[PDB]
Each structure stands twice: as C-alpha cells, then as structure tokens.
Number of protein chains: 4
Amino acid sequence: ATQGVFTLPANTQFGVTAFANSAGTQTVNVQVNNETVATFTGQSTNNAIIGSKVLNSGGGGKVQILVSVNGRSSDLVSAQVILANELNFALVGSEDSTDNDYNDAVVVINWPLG
Amino acid sequence: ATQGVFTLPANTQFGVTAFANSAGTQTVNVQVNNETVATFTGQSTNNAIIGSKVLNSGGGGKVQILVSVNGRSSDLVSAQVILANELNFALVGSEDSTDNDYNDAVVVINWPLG
Amino acid sequence: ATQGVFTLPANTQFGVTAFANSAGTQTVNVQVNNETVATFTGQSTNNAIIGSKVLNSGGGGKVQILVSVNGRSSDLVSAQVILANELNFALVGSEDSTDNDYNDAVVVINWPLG
Amino acid sequence: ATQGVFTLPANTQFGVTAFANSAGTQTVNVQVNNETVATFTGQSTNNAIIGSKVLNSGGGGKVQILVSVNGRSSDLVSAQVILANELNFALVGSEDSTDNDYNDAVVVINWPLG
Ligand SMILES: CC(=O)N[C@H]1[C@H](O[C@@H]2[C@@H](O)[C@@H](O)O[C@H](CO)[C@@H]2O)O[C@H](CO)[C@@H](O[C@@H]2O[C@@H](C)[C@@H](O)[C@@H](O)[C@@H]2O)[C@@H]1O[C@@H]1O[C@H](CO)[C@H](O)[C@H](O)[C@H]1O
Ligand SMILES: CC(=O)N[C@H]1[C@H](O[C@@H]2[C@@H](O)[C@H](O)O[C@H](CO)[C@@H]2O)O[C@H](CO)[C@@H](O[C@@H]2O[C@@H](C)[C@@H](O)[C@@H](O)[C@@H]2O)[C@@H]1O[C@@H]1O[C@H](CO)[C@H](O)[C@H](O)[C@H]1O
Ligand SMILES: CC(=O)N[C@@H]1[C@@H](O[C@@H]2O[C@H](CO)[C@H](O)[C@H](O)[C@H]2O)[C@H](O[C@@H]2O[C@@H](C)[C@@H](O)[C@@H](O)[C@@H]2O)[C@@H](CO)O[C@H]1O
Ligand SMILES: [Ca+2]
Ligand SMILES: [Ca+2]
Ligand SMILES: [Ca+2]
Ligand SMILES: [Ca+2]
Ligand SMILES: [Ca+2]
Ligand SMILES: [Ca+2]
Ligand SMILES: [Ca+2]
Ligand SMILES: [Ca+2]
C-alpha cells in the first residue's frame, strides 16, 4: 500500500517533527496537496530533531511525507491514531537499509494545534 | 483507566518529546521505574517543543508521563502503536480545561533509537 | 476523558463486533446519534463473539459504545486507527472489576464496508 | 515493508477474526511460528465473519496473516495498537483489486483473553 499519505481536515494548522536514527543523512520532504512545502535535512544516530514546523493543510487537506538518503528513496510505514475522538497523530517510519528498524527518519504529524 | 503508563523493553534507549498548545504553562514529568528523570516546562499556543530527551528504560522498563499546570493534574489520554512490528510510539494527550482538545501538552515517546 | 465515542463519516455503513472475556455477563449498547440501535449480551471467558451487526452512522456520524455488567457500567478505553489512509478501526476495551485486563467486553467497529 | 507479521507475547492465548468485503472469495491463512494453524474461507460484501478462532502464540510468539483470492495474493496493511498498557489489537487489511479500500478481508487479532 501507499504509505505516508494522510487526509487532514481542510485548511487546518498542523505540526510536523522529524527525528533521525541512522548513519545516513536524511532528507524529509513534506507535501501539502501535492506541492513541497518543507524539506528537513539532518543526521543523527540518537534521535535528534532534524526539523519541526507548523503548516496549513490547504484546500484538500492532503499531506504526504517522503524520505530519501542522497536521492535513494527509503521504504515507508505509517498510520494515523485518534485519541479522545479529537487528538490526531499521523506517524511515519522509514528504512534506508537492511536492518528493518524503520527509525532512520521518524516523522510525527499532530493536530489540532492551539 | 490509568493513562500515560507504558511498558518498554528493559534497558532500552528511547526518545521523549513534548509539545505545548495552551494558554497555561505545562509541566511534563517523566518517570522511569517510578523515579523522575526529566521535567519539561513551557508555554506555547503553537506547538512549540518544550523538551526532547533520550532516556533509558532501565531494569523494569516502566515509563510514566504526568502532566500538570502549576501542580494541578491534567486529564490524560494515551495509546501505543507499533509499525512494521518494530517501530514503537507511545502517545499522550492532556487536557487542562474544558474544551477537550487534549493537545494542551502532547507527548511522543519513540523507540528503538539508533 | 470520555471513551467509546467516535465521529464516523456521516451516512456511512459500518460493522460492530463484540467479544466477551469475563465471568460476568456483558451488555454492549451501541448508540448512533444518541439512540440505541443494537444491544449485545453474552458470557464467555474465551473470546466468544456476543454480537456482530452492520449499521449506518446516520446524519451526525456519532457512534457511542457503553458496556455494563448486570446494570453496572464498566470502565472504558478506546482509540481510532486508520491504515493506508482508508481502513478505519474504532476500538473499545472495558473493565468490569479489579484486574485491569480491559478485555471483559472488547468492541471493534470497522469501516468502510463493501 | 513486510506487513501482517506480529510478535505476540509468548505462550499466550489470542483471538483471530476475519471479515469479508469483496465480490471475491477470501482465503485467510494464519501461521503461528511459521506453521499454518488456521485457514478461513468465505465471501461477503457486507462484513460477514468468515472465521473466528482462539489460538496460542507458542514459544516464539510469531503470528503471520496472508490473504489470497483464487490463488492471487492480496496486498496487506497492518499495525498493532495497545490500550491501557494491556489490551492489544493486531490489525490487518487487504486489497484484492484496484479500488484500494483495503477491506476485502479484514483480520483482527486480540489479546489477552480470559
Ligand atoms: C477566556 C479565557 O481566557 N479562557 C482560558 C481559560 O481561562 C479561564 C478564565 O477565563 C476563568 O474562567 O478561569 C478559568 C478557570 O476557572 C480559566 O482560567 O484558561 C484555559 C486554561 O489555560 C484556557 O484554555 C487553554 O488555552 C487555550 C488557548 C486552548 O489551548 C485551550 O485548549 C486550553 O485548554 C482558556 O483559553 C481560551 O480557551 C478557549 C477554548 O476553551 C479558546 O481557545 C480561547 O481562544 C482561549 O482564550
Ligand atoms: C557497514 C556500514 O557502514 N553499514 C552502514 C551502511 O553503509 C553502506 C555502505 O557500506 C555502502 O558502501 O554504501 C551504502 C550506500 O550506497 C551504505 O552507506 O549504511 C546504512 C545506511 O546508512 C547504515 O545503516 C543505518 O545506520 C545505522 C547506524 C542504523 O541506524 C541503521 O538502522 C541504519 O539503517 C549501516 O550502518 C550499520 O548498520 C548496522 C545495522 O544494519 C549497525 O547499526 C552498524 O553499527 C552500522 O554501522
Ligand atoms: C465490474 C466488476 O465486476 N468488477 C469487480 C470488482 O467489483 C467492483 O468493484 C467496484 C470498485 O472497484 C465497485 O464496488 C463495483 O460495484 C464492484 O462490482 C471486484 O472488486 C472487489 O469487490 C467489490 C465488490 C469491492 O468490495 C472491491 O473493493 C473489491 O476489491 C474485483 C475483485 O473481486 O473484481 C472485479 O472484476
Ligand atoms: Ca535502518
Ligand atoms: Ca536506524
Ligand atoms: Ca484544552
Ligand atoms: Ca489546547
Ligand atoms: Ca477484567
Ligand atoms: Ca477479563
Ligand atoms: Ca478492494
Ligand atoms: Ca472491498
């Protein structure tokens, strides 16, 4: 299945935060309604934050995360969870190699804000 | 039900990150095996990160999150999700008032690291 | 927080299935837009299905699950999870006593159907 | 990523339940520690239960779900969710065609029992 794609409510503020856990430098692309609106680049093997931004979901509410390392696409896994019928998390893991830890870049999207 | 308590594997490094979305200053207490090991404090209505740390789950693996505002306990909600049978997220929302957005302090725990 | 309350897409078919794991006979009440539309009763300590029905979420999309054992309300836990940005589960556990296994009645709501 | 593989606690009773939502007859294969221990076969476009069984996770705790329709493997999506640090759901959707509803066979695994 396609992974890393989430339908948010339209025209809604959300947070996006990326963490790195790999020898490789991670490149995280954030697309809103099929346009790149943020790119995070960084390297850590200890969960450093390589980007954190507030964005708007735009007319369609479509948010897509893509992860690569020097142009090679990582394999993605994702899901959305809703707590108390109101608090939303859209969660992404990614794998750049063969160990299947899926933490090489970790992306957390949260809404609502405020 | 008790919320904000998670059993991690023993002796495991994990990340903990807190976000704020409230008029009130949030205090996030992190306990590992019933001992406070981190306290994050901050105020934001726009998802500022008020703390991010790497911790070890120790012998027992017990991690607990408590959220308060000037000593008054917020109401908590939580769940754990596992992707690809390997990537773990432990998630907490909290509510300090009556609007039930549950985002007043948001806490994300992730493992494995590295 | 209130637990067992989910906003589904309006006017949408969904499944509801309940399982029992307790000495006590479980009563599961399903409300759609504040009206009881299904009641499941049964006893099992081995996960027997005590009911499964297809319902419509109606104009408001509100679905609420209540669980009781001989007239006493059980304590509820819940969350919603979305896979592949399409497949939805609303999940409820319940506890009728002191052991906090939260499996005494387990309810799974799934959509879309068809 | 590999999907439909879960590490359960070892030597633990669990429930597995399959639902069908497709024109095609679904065949669900359940493996515990790499041995087939159940096969569910059935057809429904309205969420009928095509199998429900209690199984044990054995020494290794490994559970794998595979879905096929008339010999063609369906595409899988999955995740695990834990409520109240105790109640576990391992969730699988599957897609047998082109519409990407991922509900063609839905598989729910739940533990603990009893
Ligand atoms: C009107 C106001 O300032 N409300 C904020 C609330 O203050 C009340 C105060 O007016 C008086 O009634 O005493 C109350 C306690 O008895 C309380 O102090 O304080 C809330 C707690 O900080 C605050 O809500 C928080 O912050 C908001 C920005 C929002 O993130 C909420 O989720 C959060 O719980 C009240 O702020 C208003 O909240 C409403 C929603 O209920 C709107 O967001 C308003 O824009 C906020 O001003
Ligand atoms: C031996 C080594 O350095 N392996 C890392 C591997 O290196 C590749 C390099 O050997 C080859 O010549 O070039 C390719 C690109 O064309 C690679 O650059 O690179 C992967 C991806 O960066 C590393 O795995 C990542 O970092 C690890 C620290 C870990 O977070 C892992 O999850 C992540 O995918 C390889 O590093 C090794 O990974 C293993 C586990 O497979 C151990 O963690 C080792 O300690 C670590 O060096
Ligand atoms: C024309 C035809 O017979 N198509 C078959 C699919 O059924 C149609 O699917 C579409 C959506 O793609 C829509 O529901 C139509 O009403 C169906 O007739 C069939 O798809 C499978 O069965 C569907 C009922 C639906 O559950 C879909 O998600 C599922 O994958 C496929 C595979 O059985 O066969 C097609 O020939
Ligand atoms: Ca890796
Ligand atoms: Ca890694
Ligand atoms: Ca609030
Ligand atoms: Ca708030
Ligand atoms: Ca119980
Ligand atoms: Ca029980
Ligand atoms: Ca389909
Ligand atoms: Ca279908």
# chains A, B, ... in the order shown; residues from 1 in each chain; ligands from 1

$ interface_residues --of "chain B" --to "chain D" --cutoff "6 Å" --atoms "only C-alpha atoms" --output "JSON, numbers by chain"
{"B": [6, 79, 80, 81, 82, 83, 85]}

$ write_last_selection --atoms "N, CA, C and O atoms" --output "tab-separated table (two decimals), in the first residue's frame"
chain	number	residue	atom	x	y	z
B	6	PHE	N	3.44	3.19	30.23
B	6	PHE	CA	3.85	2.31	29.16
B	6	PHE	C	4.95	1.36	29.63
B	6	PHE	O	5.89	1.77	30.29
B	79	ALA	N	-2.11	5.99	24.12
B	79	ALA	CA	-2.14	4.67	23.42
B	79	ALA	C	-0.75	4.43	22.92
B	79	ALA	O	0.11	5.31	22.87
B	80	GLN	N	-0.47	3.17	22.57
B	80	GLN	CA	0.81	2.80	21.95
B	80	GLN	C	0.50	2.20	20.59
B	80	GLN	O	-0.47	1.43	20.46
B	81	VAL	N	1.30	2.53	19.58
B	81	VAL	CA	1.13	1.95	18.25
B	81	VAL	C	2.48	1.41	17.79
B	81	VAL	O	3.53	2.02	18.05
B	82	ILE	N	2.44	0.26	17.11
B	82	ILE	CA	3.65	-0.36	16.59
B	82	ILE	C	3.49	-0.54	15.08
B	82	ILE	O	2.49	-1.12	14.63
B	83	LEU	N	4.47	-0.03	14.34
B	83	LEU	CA	4.50	-0.14	12.86
B	83	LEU	C	5.60	-1.12	12.46
B	83	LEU	O	6.65	-1.18	13.07
B	85	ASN	N	5.93	-4.06	12.92
B	85	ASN	CA	6.33	-4.96	14.01
B	85	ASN	C	7.63	-4.59	14.69
B	85	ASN	O	8.28	-5.44	15.31

$ residues_near_ligand --ligand "ligand 3" --cutoff "8 Å" --atoms "only C-alpha atoms and all ligand atoms" --output "ChimeraX atom specification"
/C:113-114 /D:21-25,45,95-104

$ residues_around --residues "region 53-69 of chain C" --least-positions-apart "6" --cutoff "8 Å" --atoms "only C-alpha atoms" --output "number ranges by chain"
C: 4-17, 24-34, 38, 75-76, 92, 94, 96, 105; D: 46-47

$ write_last_selection --atoms "C-alpha atoms" --output "PDB file, in the first residue's frame"
ATOM      1  CA  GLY C   4     -16.043   4.894  23.471  1.00  0.00           C
ATOM      2  CA  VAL C   5     -17.321   7.887  21.418  1.00  0.00           C
ATOM      3  CA  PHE C   6     -16.329   8.149  17.771  1.00  0.00           C
ATOM      4  CA  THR C   7     -17.278  10.503  14.939  1.00  0.00           C
ATOM      5  CA  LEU C   8     -17.613   8.422  11.807  1.00  0.00           C
ATOM      6  CA  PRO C   9     -18.209   9.858   8.396  1.00  0.00           C
ATOM      7  CA  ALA C  10     -21.892  10.608   8.206  1.00  0.00           C
ATOM      8  CA  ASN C  11     -24.350   8.367   6.453  1.00  0.00           C
ATOM      9  CA  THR C  12     -21.851   5.509   6.280  1.00  0.00           C
ATOM     10  CA  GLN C  13     -22.221   1.748   6.742  1.00  0.00           C
ATOM     11  CA  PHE C  14     -20.024   0.248   9.476  1.00  0.00           C
ATOM     12  CA  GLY C  15     -19.551  -3.035  11.307  1.00  0.00           C
ATOM     13  CA  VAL C  16     -19.667  -3.533  15.053  1.00  0.00           C
ATOM     14  CA  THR C  17     -18.469  -6.758  16.709  1.00  0.00           C
ATOM     15  CA  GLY C  24     -19.720 -11.674  34.200  1.00  0.00           C
ATOM     16  CA  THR C  25     -22.360 -11.470  31.527  1.00  0.00           C
ATOM     17  CA  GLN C  26     -21.606  -8.478  29.273  1.00  0.00           C
ATOM     18  CA  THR C  27     -24.220  -5.995  27.957  1.00  0.00           C
ATOM     19  CA  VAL C  28     -22.916  -3.889  24.998  1.00  0.00           C
ATOM     20  CA  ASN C  29     -25.055  -0.917  23.993  1.00  0.00           C
ATOM     21  CA  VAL C  30     -24.483   0.753  20.604  1.00  0.00           C
ATOM     22  CA  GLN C  31     -25.887   4.262  20.131  1.00  0.00           C
ATOM     23  CA  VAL C  32     -25.928   6.076  16.825  1.00  0.00           C
ATOM     24  CA  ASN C  33     -26.674   9.779  17.147  1.00  0.00           C
ATOM     25  CA  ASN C  34     -27.805   9.221  20.731  1.00  0.00           C
ATOM     26  CA  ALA C  38     -28.024  -2.519  18.948  1.00  0.00           C
ATOM     27  CA  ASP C  75     -14.769   1.473  32.683  1.00  0.00           C
ATOM     28  CA  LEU C  76     -13.880   2.094  29.025  1.00  0.00           C
ATOM     29  CA  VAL C  92     -13.008  -0.249  22.735  1.00  0.00           C
ATOM     30  CA  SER C  94     -13.774  -2.410  29.070  1.00  0.00           C
ATOM     31  CA  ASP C  96     -15.823  -4.799  34.943  1.00  0.00           C
ATOM     32  CA  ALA C 105     -16.030  -6.841  26.633  1.00  0.00           C
TER      33      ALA C 105
ATOM     34  CA  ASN D  46     -21.283  -6.866   3.945  1.00  0.00           C
ATOM     35  CA  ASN D  47     -18.700  -7.671   6.583  1.00  0.00           C
TER      36      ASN D  47
END

$ select_by_dssp --residues "region 71-107 of chain A" --states "strand (DSSP E or B)" --output "JSON, numbers by chain"
{"A": [72, 73, 75, 76, 77, 78, 79, 80, 81, 82, 83, 87, 88, 89, 90, 91, 92, 93, 94, 95, 103, 105, 106, 107]}

$ write_last_selection --atoms "N, CA and C atoms" --output "PDB file, in the first residue's frame"
ATOM      1  N   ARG A  72      18.193   8.331  -2.784  1.00  0.00           N
ATOM      2  CA  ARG A  72      17.566   6.988  -2.763  1.00  0.00           C
ATOM      3  C   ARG A  72      16.386   6.989  -1.831  1.00  0.00           C
ATOM      4  N   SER A  73      15.231   6.605  -2.349  1.00  0.00           N
ATOM      5  CA  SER A  73      14.018   6.609  -1.521  1.00  0.00           C
ATOM      6  C   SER A  73      14.085   5.548  -0.445  1.00  0.00           C
ATOM      7  N   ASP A  75      12.083   3.113   2.330  1.00  0.00           N
ATOM      8  CA  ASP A  75      10.786   2.422   2.470  1.00  0.00           C
ATOM      9  C   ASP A  75      10.014   2.999   3.627  1.00  0.00           C
ATOM     10  N   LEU A  76       8.746   3.325   3.437  1.00  0.00           N
ATOM     11  CA  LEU A  76       7.920   3.949   4.484  1.00  0.00           C
ATOM     12  C   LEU A  76       6.912   3.017   5.106  1.00  0.00           C
ATOM     13  N   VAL A  77       6.648   3.284   6.373  1.00  0.00           N
ATOM     14  CA  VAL A  77       5.478   2.689   7.057  1.00  0.00           C
ATOM     15  C   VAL A  77       4.714   3.829   7.761  1.00  0.00           C
ATOM     16  N   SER A  78       3.399   3.707   7.915  1.00  0.00           N
ATOM     17  CA  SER A  78       2.642   4.792   8.549  1.00  0.00           C
ATOM     18  C   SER A  78       1.324   4.319   9.089  1.00  0.00           C
ATOM     19  N   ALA A  79       0.724   5.164   9.928  1.00  0.00           N
ATOM     20  CA  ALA A  79      -0.669   5.010  10.409  1.00  0.00           C
ATOM     21  C   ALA A  79      -1.107   6.296  11.031  1.00  0.00           C
ATOM     22  N   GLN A  80      -2.418   6.446  11.206  1.00  0.00           N
ATOM     23  CA  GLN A  80      -2.992   7.562  11.942  1.00  0.00           C
ATOM     24  C   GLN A  80      -3.713   7.016  13.149  1.00  0.00           C
ATOM     25  N   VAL A  81      -3.555   7.707  14.280  1.00  0.00           N
ATOM     26  CA  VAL A  81      -4.269   7.355  15.530  1.00  0.00           C
ATOM     27  C   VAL A  81      -4.986   8.586  16.058  1.00  0.00           C
ATOM     28  N   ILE A  82      -6.190   8.380  16.588  1.00  0.00           N
ATOM     29  CA  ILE A  82      -7.003   9.441  17.145  1.00  0.00           C
ATOM     30  C   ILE A  82      -7.339   9.082  18.574  1.00  0.00           C
ATOM     31  N   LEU A  83      -7.009   9.963  19.487  1.00  0.00           N
ATOM     32  CA  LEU A  83      -7.307   9.789  20.935  1.00  0.00           C
ATOM     33  C   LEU A  83      -8.383  10.743  21.362  1.00  0.00           C
ATOM     34  N   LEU A  87      -7.787  14.232  19.276  1.00  0.00           N
ATOM     35  CA  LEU A  87      -6.347  14.438  19.142  1.00  0.00           C
ATOM     36  C   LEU A  87      -5.751  13.480  18.120  1.00  0.00           C
ATOM     37  N   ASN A  88      -5.152  14.030  17.064  1.00  0.00           N
ATOM     38  CA  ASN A  88      -4.712  13.221  15.943  1.00  0.00           C
ATOM     39  C   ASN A  88      -3.214  13.157  15.807  1.00  0.00           C
ATOM     40  N   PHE A  89      -2.714  11.966  15.529  1.00  0.00           N
ATOM     41  CA  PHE A  89      -1.313  11.753  15.194  1.00  0.00           C
ATOM     42  C   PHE A  89      -1.239  11.034  13.855  1.00  0.00           C
ATOM     43  N   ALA A  90      -0.392  11.508  12.965  1.00  0.00           N
ATOM     44  CA  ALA A  90      -0.082  10.774  11.742  1.00  0.00           C
ATOM     45  C   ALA A  90       1.401  10.451  11.854  1.00  0.00           C
ATOM     46  N   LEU A  91       1.731   9.175  11.724  1.00  0.00           N
ATOM     47  CA  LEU A  91       3.025   8.664  12.145  1.00  0.00           C
ATOM     48  C   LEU A  91       3.692   8.004  10.946  1.00  0.00           C
ATOM     49  N   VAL A  92       4.969   8.306  10.759  1.00  0.00           N
ATOM     50  CA  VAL A  92       5.758   7.709   9.667  1.00  0.00           C
ATOM     51  C   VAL A  92       7.087   7.165  10.195  1.00  0.00           C
ATOM     52  N   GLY A  93       7.413   5.925   9.807  1.00  0.00           N
ATOM     53  CA  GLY A  93       8.771   5.411   9.896  1.00  0.00           C
ATOM     54  C   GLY A  93       9.343   5.181   8.535  1.00  0.00           C
ATOM     55  N   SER A  94      10.658   5.067   8.499  1.00  0.00           N
ATOM     56  CA  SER A  94      11.333   4.875   7.219  1.00  0.00           C
ATOM     57  C   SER A  94      12.599   4.069   7.407  1.00  0.00           C
ATOM     58  N   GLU A  95      12.902   3.312   6.368  1.00  0.00           N
ATOM     59  CA  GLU A  95      14.047   2.398   6.395  1.00  0.00           C
ATOM     60  C   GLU A  95      14.936   2.637   5.183  1.00  0.00           C
ATOM     61  N   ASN A 103      13.407   3.352  11.786  1.00  0.00           N
ATOM     62  CA  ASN A 103      13.519   4.581  12.608  1.00  0.00           C
ATOM     63  C   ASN A 103      14.476   5.578  11.988  1.00  0.00           C
ATOM     64  N   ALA A 105      14.521   7.772   9.591  1.00  0.00           N
ATOM     65  CA  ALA A 105      13.832   9.060   9.835  1.00  0.00           C
ATOM     66  C   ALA A 105      12.459   8.704  10.369  1.00  0.00           C
ATOM     67  N   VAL A 106      12.073   9.316  11.482  1.00  0.00           N
ATOM     68  CA  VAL A 106      10.754   9.184  12.094  1.00  0.00           C
ATOM     69  C   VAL A 106      10.055  10.527  11.978  1.00  0.00           C
ATOM     70  N   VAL A 107       8.828  10.511  11.493  1.00  0.00           N
ATOM     71  CA  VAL A 107       8.060  11.757  11.297  1.00  0.00           C
ATOM     72  C   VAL A 107       6.730  11.680  12.053  1.00  0.00           C
TER      73      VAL A 107
END

$ atom_distance --atom1 "CA of residue 39 (chain A)" --atom2 "CA of residue 49 (chain B)"
18.6 Å

$ atom_distance --atom1 "atom 21 (C, counted along the ligand's line) of ligand 1" --atom2 "CA of residue 48 (chain B)"
16.8 Å

$ atom_distance --atom1 "CA of residue 18 (chain A)" --atom2 "CA of residue 50 (chain A)"
5.6 Å
